[PDB]
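As a starting point, one isolated chain is supplied in structure tokens, in the form deposited in one PDB entry.
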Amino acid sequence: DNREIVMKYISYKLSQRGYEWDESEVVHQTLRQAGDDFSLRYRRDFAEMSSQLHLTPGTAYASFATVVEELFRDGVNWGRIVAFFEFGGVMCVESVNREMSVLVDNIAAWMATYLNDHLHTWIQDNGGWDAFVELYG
């Protein structure tokens, strides 16, 4: 349940920054492209967010949960789902940047849990990932 989409996304985001880590491919491609477009368009916002983010082992779980709860406070939509994935990427990149790479595995798990428990119903009820591909393809 959703581990693969998260794992392939985070692997890609980290690889884009020079770090090696470790349903169908059109979905993973579309998400990569959407995320990339989003981070390019909002490059300064993302750079400043990366900067200002507070991150340690003891605070990371609460930081992720709080951000993601606020992101979806008003409901789910695809643009917010893309931001979610991109924010998971930011946290993972910063984790590695700040010599806290042990957090990557945890962040990926939190992302998969959140998809499974909190985004799955909206995605299921709004045409699934195929709809995402139709919107962004």
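Just count from 1 along the sequence shown to find any residue number. Definition used throughout: the rigid core is the maximal C-alpha set that superposes within 1.5 Å between two forms.
K.L.:
For the step residue 22 to residue 23, what size class fits the number of deposited residues with no coordinates, none, 1 to 3, 4 to 9, or 10 or more?
P.N.:
Gap size class: 10 or more residues without coordinates, per the record.
K.L.:
On average, which has the higher Cα B-factor in the deposited entry, 49-57 or 73-81?
P.N.:
Stretch with the higher mean C-alpha B-factor: 49-57.
K.L.:
Using the temperature factors in the entry, find which of 95, 106, 63, 30 has the highest value at its Cα atom.
P.N.:
Out of 95, 106, 63, 30, the record gives the largest C-alpha B-factor to 95.
K.L.:
By the record's CA B-factor, is residue 16 among the lowest, middle or highest third of residues in the chain?
P.N.:
Highest third.
K.L.:
State the tercile, meaning the lowest, middle or highest third, of residue 67 with respect to the CA B-factors recorded for its chain.
P.N.:
Residue 67: CA B-factor falls in the lowest third of its chain.
K.L.:
Comparing against every modelled residue in the chain, figure out the third that the C-alpha B-factor of residue 116 lands in (lowest, middle or highest).
P.N.:
Middle third, going by the recorded CA B-factors of the chain.
K.L.:
Taking only the Cα B-factors deposited for this chain, tell me whether residue 100 sits in the lowest, middle or highest third.
P.N.:
Residue 100: CA B-factor falls in the middle third of its chain.
K.L.:
Could you look up the Cα B-factor of residue 26 in the entry and say which third of the chain it sits in: lowest, middle or highest?
P.N.:
According to the entry, residue 26 has a C-alpha B-factor in the chain's middle third.
We do not show the form deposited in another entry, though everything after this point is about it.
K.L.:
Pick out the one residue among 49, 83, 93, 76 whose C-alpha shifts by 2 Å or more between the shown form and the other one, once the rigid core is superposed.
P.N.:
None of the others reach 2 Å, which leaves 49.
K.L.:
Please say whether, between the shown form and the other one, the C-alpha of residue 102 moves by 2 Å or more once the core is aligned.
P.N.:
Comparing the forms between the shown form and the other one, which are aligned on their rigid core, residue 102 does not shift its C-alpha by 2 Å or more.
K.L.:
Residue 99 and residue 52: their C-alpha distance differs by 3 angstroms or more in the other entry. Do they come closer or move farther apart compared with the shown form?
P.N.:
Relative to this form, farther apart in the other entry.
K.L.:
Have a look at residue 52 and residue 15: in the other entry, are their Cα atoms closer together or farther apart than in this form, given the change is 3 Å or more?
P.N.:
Distance between the C-alphas of residue 52 and residue 15: longer in the other entry, by 3 Å or more.
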